[PDB]
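Note sheet for the following structure.
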Amino acid sequence: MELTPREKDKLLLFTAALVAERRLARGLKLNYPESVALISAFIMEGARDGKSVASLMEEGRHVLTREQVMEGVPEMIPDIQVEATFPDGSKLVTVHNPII
Amino acid sequence: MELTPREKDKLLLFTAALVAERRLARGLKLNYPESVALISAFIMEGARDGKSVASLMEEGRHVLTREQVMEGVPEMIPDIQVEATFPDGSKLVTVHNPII
Amino acid sequence: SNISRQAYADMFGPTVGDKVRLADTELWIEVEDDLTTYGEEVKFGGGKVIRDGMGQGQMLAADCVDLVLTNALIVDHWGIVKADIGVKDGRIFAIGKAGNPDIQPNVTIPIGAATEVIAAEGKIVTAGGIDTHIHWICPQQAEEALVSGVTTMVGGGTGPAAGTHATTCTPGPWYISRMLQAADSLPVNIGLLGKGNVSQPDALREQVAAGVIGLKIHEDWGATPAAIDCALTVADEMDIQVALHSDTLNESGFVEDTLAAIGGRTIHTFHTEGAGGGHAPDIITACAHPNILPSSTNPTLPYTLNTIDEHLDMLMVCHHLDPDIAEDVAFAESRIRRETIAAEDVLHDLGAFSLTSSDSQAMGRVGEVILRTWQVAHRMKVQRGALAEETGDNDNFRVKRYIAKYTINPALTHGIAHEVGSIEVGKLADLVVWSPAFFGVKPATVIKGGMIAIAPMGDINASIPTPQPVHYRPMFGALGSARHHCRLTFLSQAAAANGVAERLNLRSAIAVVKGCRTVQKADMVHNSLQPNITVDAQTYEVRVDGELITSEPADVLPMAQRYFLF
Amino acid sequence: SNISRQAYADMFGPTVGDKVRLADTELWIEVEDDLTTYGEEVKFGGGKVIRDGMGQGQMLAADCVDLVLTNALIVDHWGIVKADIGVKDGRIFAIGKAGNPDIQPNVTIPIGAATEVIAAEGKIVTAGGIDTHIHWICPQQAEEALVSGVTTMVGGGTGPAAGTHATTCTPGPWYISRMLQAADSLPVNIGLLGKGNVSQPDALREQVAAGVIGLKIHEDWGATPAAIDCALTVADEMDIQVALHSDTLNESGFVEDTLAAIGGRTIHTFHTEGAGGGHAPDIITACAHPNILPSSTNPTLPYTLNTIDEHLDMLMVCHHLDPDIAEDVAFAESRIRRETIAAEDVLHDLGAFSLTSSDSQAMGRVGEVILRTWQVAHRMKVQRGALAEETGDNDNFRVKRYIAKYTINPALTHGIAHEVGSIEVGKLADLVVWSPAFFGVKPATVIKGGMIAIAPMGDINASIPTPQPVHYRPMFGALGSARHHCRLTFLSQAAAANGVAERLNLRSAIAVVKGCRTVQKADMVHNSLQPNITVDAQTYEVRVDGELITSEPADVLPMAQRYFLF
Amino acid sequence: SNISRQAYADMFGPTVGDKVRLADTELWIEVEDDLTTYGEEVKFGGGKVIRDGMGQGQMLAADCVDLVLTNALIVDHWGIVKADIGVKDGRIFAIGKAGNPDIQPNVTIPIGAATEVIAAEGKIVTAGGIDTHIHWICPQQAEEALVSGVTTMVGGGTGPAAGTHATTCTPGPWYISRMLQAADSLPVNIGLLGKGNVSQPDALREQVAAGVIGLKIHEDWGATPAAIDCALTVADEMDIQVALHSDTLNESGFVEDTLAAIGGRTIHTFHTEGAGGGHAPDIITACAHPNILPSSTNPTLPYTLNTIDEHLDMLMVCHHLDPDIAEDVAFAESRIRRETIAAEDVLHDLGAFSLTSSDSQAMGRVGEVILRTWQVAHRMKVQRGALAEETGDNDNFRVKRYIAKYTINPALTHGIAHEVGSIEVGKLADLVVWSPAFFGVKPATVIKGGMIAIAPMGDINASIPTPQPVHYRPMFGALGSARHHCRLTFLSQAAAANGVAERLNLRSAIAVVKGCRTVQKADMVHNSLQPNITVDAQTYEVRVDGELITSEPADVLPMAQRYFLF
Amino acid sequence: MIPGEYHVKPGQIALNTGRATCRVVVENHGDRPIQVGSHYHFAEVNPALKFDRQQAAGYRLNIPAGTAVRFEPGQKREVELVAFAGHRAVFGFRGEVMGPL
Ligand code: NI
Ligand code: NI
Ligand code: NI
Ligand code: NI
Ligand code: NI
Ligand code: NI
């Protein structure tokens, strides 16, 4: 596979998001690192599907609501940023105020 | 668990294969590292079940077809090799031309 | 005896007239020459050529090379040729024909008992890349850059501090001394940039005498005509290069006032297109002057569909800018312009922009200098066809013109072309071996100073090195004392003179920069065009000699989704 | 010109009278003073203040600082103040107002070409923590402690060997010499503890002359009155500290017999509450004596719902105890008492217990010294309200009293307060930068000796340092020769004298301990209470002056599930 | 006082006459002797024996050991005995009874204030393994081998280069010098092999004087009678060993011609069974000669169901062979023979094959030398019953015969048995501690030179060292300067003489090889059989004295799926 | 589109042009197979190969560099040889020349 350090690093992010998706499914309110992981992982998969940067800056605001996360968590996350390989190469997606 | 460096390393391979299995399930055509991971992970599980080296050299040619992978990918993978602990200890499985 | 060209290509790699596609791009190179004698090629293995009395001779170590790369297809600014490469004492010894002269004809690279072999048949060999816009935000950037094929990193910083986040500056003697000490632990050649922004020259000469090989003038520290002039006067006295990120705000003047402060002296302009920084909206006109060596940083290479969108946001986090502070947000659409971003690709294709660089973790991707340079060449071929210089049905000239942008031109600009930058006799053996399907994307072997420093490696406990998972792991060239021997820390001539290496107890080999003041645009290999270029102040359109220069954004690029897991 | 307090807080961080909540606790600090001149604050970035001729002056390196932390909110034992912090030659140079005196008023910290900037507006800056109960079970504890905000680790051990599993002792000259050599590779300041248990003083002086800065007397090696007396006589002669884990079994005497052996000499009592070890059930009475410096280890801080349950089991694995061997199991309920565990929190709140420490991987969590200290302060505020010393509507006094327990008090107890322990002029620049929402939990930057040594870092290949995944990675201050320059190995005065550093070829900077014998309880900053304390031999209730001291276990704590992935 | 044998076994580990099963195999060892005095065993912990004045005495450091391993069950070539082990100055000091002679009887290993303790009750202690067939393909092989229990690695290579992929050769002075420098960073003892294939002796002596302790003659570099003779003449003059991988192709002669070139001089034959390389199909007959020291490499150990299948493919990738080039594919079924692969297991059981080794990442698994050696012993017990030498109801003799194959016999073959290889007084303290259920599979502690270098370690932040995840992590013996003190780089006598260590600035301790030329098959401990062995040229059946030697392939082995995650 | 694909120009290459060649009939008289490499000094091959040694002197097999000819026990065959070039000094093999010729 010839994995580069950056590909190995994103594997760490995907795994932390698997921890969060399971907890969300048991119906827990997510904490800080769990929330940041879950939303980041969703944007990396949207770039793999070929969605545009602009579509993802928007859809990323709809993954989790304030009722699915612990108190103070939406305030601890003013934005989330993640880069992924889009069909047109690496691009940065910034989601502002993702948890409303 | 007393994990050795080699056991930790194979955990990296299993996780990359979880990334590929999810994408395959959403119906994407897989890329190079995704394909190499998915087939490797399948052979490690066949050795855990106790299949023989000869059975796996064959079944490994049937995990993905040319229609489930991107263009040029079957040509970038002339063979895949992976070692796993069979009931009779570590053995190397080589799958030639796995994507047809 | 005869053998068909196809079986020959299979056994020894391509020869004269054969063509190879680079990765999944539309670029094809054609082999221009082959230095072998057919039938006398050296090949290593059981029952093969390289054996005692056969392709291996009786000479003592001093009379043979330490390492031979057999049957390599070299791609460099000077040619695309098939040859054996000999390395001796960490340097390139010869490009030619290897073997044992006791029984073989025309042997120029002798193989003995002391010779190790890397089989290069079927692979492409290039020089290692040289990135001259590194922000030393974290030490992990060195391994990411090495894995991508970059073996020399020039930049400034002290870690993840606001100053370094924004600018390539290692400020002052104490930080310069600590970073020269930390550089011995990194597997790449390094030279450091000091803080060029000051109007007292002595505060500059103190940094140069401490060890920096260059000064960065950045607008976040005040890119005023007084500071620019002072840094250039110091640079002319000490034989060091000046890198410039100009006054975007036009606070102290417009582009022509900064061009006037420079006054015809040699300067390297960073991110010359301007999205990464510089007089809005026309810093790009700087590529018309003979004393300007212009580079692009990589997020704008090539222009694609998501380019503009991603940019507005990344501006912010880098520079220390408030999105609510409307002055800190009015200058983004003055900074991010689709007009100058589309013209920049064409300017690279014409040779008016001479270097590519990252701007690492400060609006630039440290592991994407080489890959994006090839993606721009591919997009230019697909849109503008063959260059005028091109001869034959191949893109050899365009490949030489682009490989020069991250190899020889940055080494010439920074005064280190005597050590590194091209595959030429006497230079440091920093070489990268690529299989063609992964050319520019993931290398097969990276050689630092004659030792393999990092390579893709499968299961450590396996019966062979190839079983999964295969990922890049550091090799013997990256360890301890062997690493000190196979890397260079570059110093200014003054520091070298003052014994900075002995005083900081530096352990790596040291090299000195020289020739920074005399280099000019005409010296940029295959990239010496000085166009008559204008930017419309209202619409920002770029014209060269009254012709509008523009291009179309890609929706999809090669060297992208086919190769990467995320 | 006027600006509202709210926009001012947003741009430069809080000022006098503003309040900040620490993480998700109920503790609020109020800014007590601000050293700036409003309108003259320094801020770094494009078009900002720190630029040539503006907030940046013309001075040579010797006349300016290497690093300025701008607009920091300092929290230390001496005050909660807003100020700029200047660092020069690896030390704290000034707390005051930074800038360029050529155009700004009241500048005490001059910024020049040689100055790097860390923007601290909106952040809290503290000294680095000092943990004095480390079992050197593995080298990985150093990075876990550094990430948590602890920059100095004092302890003993040789790795995962039964002796070290149980006790903080590096036994003998050979092991002391090997561990001083291994310490150069770790990014924290270190001092080592020898094996104090012996009744022949020469076997002690040999360990001190080898390099230990202290002796641990532990009951697993025999904490008898003869061994205690011998270690204290050696300590008084060589100016080193004695740490004590007393005879839990009451085999050689009861607590008053050990107190009698000590005979009024200075001693640091580890895990003074007693669950981690000591005369059952009353070692806690030791905090009444003026020559005792008492610490708690952290699994009992604060008292919560699962505290007791978890404890019975962890006793076992640490000490080398058989759960079937009823003598090795009858002493657990004599060791684990809800009565002394609930009183210990209150004793911290009153200042009768002076230090907090881990007891790492030997009934204690190396990355939880700071977080648990704040969780105890929060639980005390919620249960007992304001302290008597408190003035104003804020918890400033309680914050100073608790921050002292892992900063200045351990440095005073161990004889190293001349180097580290507080943000004061001349001390080593070991500083930790926290964003308020993560105060005490996950820092933003950890500075060792004036260089960033570890910090949270996003994707190495990204266009900025902030994209996911963000995790702690070692920086330039943690690498090779730069690390040797930015850390200290502490030695005893005798070792330093005998040239131990030159003989073992130690590479880091060396500091010497002094003042271990004269420190007493009255010298513990904000924690000098000597209560008239008793423990009922049958019921184990703790009383101070006949009043029962107790507290309630928490069901939920702050600095817990909101922050951590597992 | 009396105690039952069962509670005694529980507290202090087994004693005379008790039996232990090794891992999940059918092999049982029986304790042959116990050096303790019942009632006087030393045990460490709260209220236990090792305390001041009790099991711990008053002696100064020079009169006591640095480390005692208490109540260990030793398994070595000389006995299976229960004893305390004392280590002093990095070496084995005594095997005997530890304690304080002031109050205990028959104390031979004195415990003082300077003594650290590793509790070995219930564990098995062996010497560290010695692997003599390492291809230095990547530095990561050192940690994989250390984790498995191998503390000394002899081999050759320069990294992942074609030459090293195929052969254990570090060619020439420049590469030998770089690899000796890189060896200081690895936590195992190392000695290097040069390129033995040349017919000019001076090109050989230059490699030996550069530092190699041996020469590999490999057929990929031409294993001709001229090259073999030249390497052996150099070896006899310089006291270094020759390792041979013979001419599989029978190009220059058959096995008897290579045996004739050797001419009765000492030589180590690698992969003597022949699948890993050598005259097809009869290199195996080499074990009949008194001057041949024969090893097996491990993929053929023991013979199992998937053995043959996996082999055809791995041949290919190692050697640089074309599966389409029918000459590069006709020799596989001449190389891979079920007949010689089944006889090899029996030959190990009889003592005719003397060493086991990996052939790492070049048809061999670097972390499986020890585990496969025990799996062969188990399969031989199950198939052939008790050896003739065996006395008692236990397999002690077979265990001594097999443990000798990766400990003392490789140290004798390579001239380093004066430093390492067995648990004997004066040798380097490289020891491995195993719990019986994981014997041969996953160790509990690996001691290099008297310091723990790697061990299984749980959560760094936990209250004890045992909570999950537990995985192998490097300890203090593996760090920086402590590692240099606890490892050896072996050099030839000439290099040592020429001051190679001072010239390359080697930091580790140096040891010199000696006695390589005088060792012969009769000197192989418990493995000195010279059988009258023949191979049928057509059918390849192996016979010893006209009896057919064969065995059955296992379908399932112990030390396999019960222990490993993948 | 195959990443990294070659476009080999058709035809053939002539090996070892301009050097003397000779053919010789070789018979493997041993009981074990013998395989010979492209640059091995043919005159010093395993003695079980019967042929005219004096003709093969200073020659090697005329086959693509790095390939081999295999001789099964009993096998007889005619091979083509091409002379050594360079200094024409023969060192090693069976130790029969060890100098020029
Ligand atoms: Ni810039
Ligand atoms: Ni930049
Ligand atoms: Ni204790
Ligand atoms: Ni403790
Ligand atoms: Ni071999
Ligand atoms: Ni080998």
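A, B, ... follow the sequence lines: proteins, then strands. Residue 1 opens every chain. Indexing begins at 1, ligand by ligand and atom by atom, following the structure's order.
Remark: the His268(D) side chain and the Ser295(D) side chain contain an N/O donor-acceptor pair separated by less than 3.5 Å. For the residue pair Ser358(E) and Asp131(E), a side-chain donor N or O sits within less than 3.5 Å of a side-chain acceptor on the partner. Side-chain atoms of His135(C) and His165(C) form no donor-acceptor pair, as typed in the model, at a separation below 3.5 Å.
Angle OD1 (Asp359(C)) to the Ni ion (ligand 2) to NE2 (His135(C)): 90°, rounded to 10°.
Taking the Ni ion (ligand 2) as reference, the nearest N/O/S atom within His133(C) carries the name NE2. Of all N/O/S atoms in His245(D), ND1 sits nearest the Ni ion (ligand 3).
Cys318(E) lies apart from the Ni ion (ligand 6) in this respect, since none of its N, O or S atoms is found at a distance under 2.8 Å. Within the 2.8 Å limit, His271(D) places at least one N, O or S atom next to the Ni ion (ligand 3).
The residues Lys48(E) and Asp328(D) are annotated as salt-bridged, a charged nitrogen and a carboxylate oxygen being separated by less than 4.0 angstrom. A salt bridge links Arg51(E) with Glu251(D): the distance from a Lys NZ or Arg NE/NH1/NH2 to an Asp or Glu carboxylate oxygen falls below 4.0 Å.
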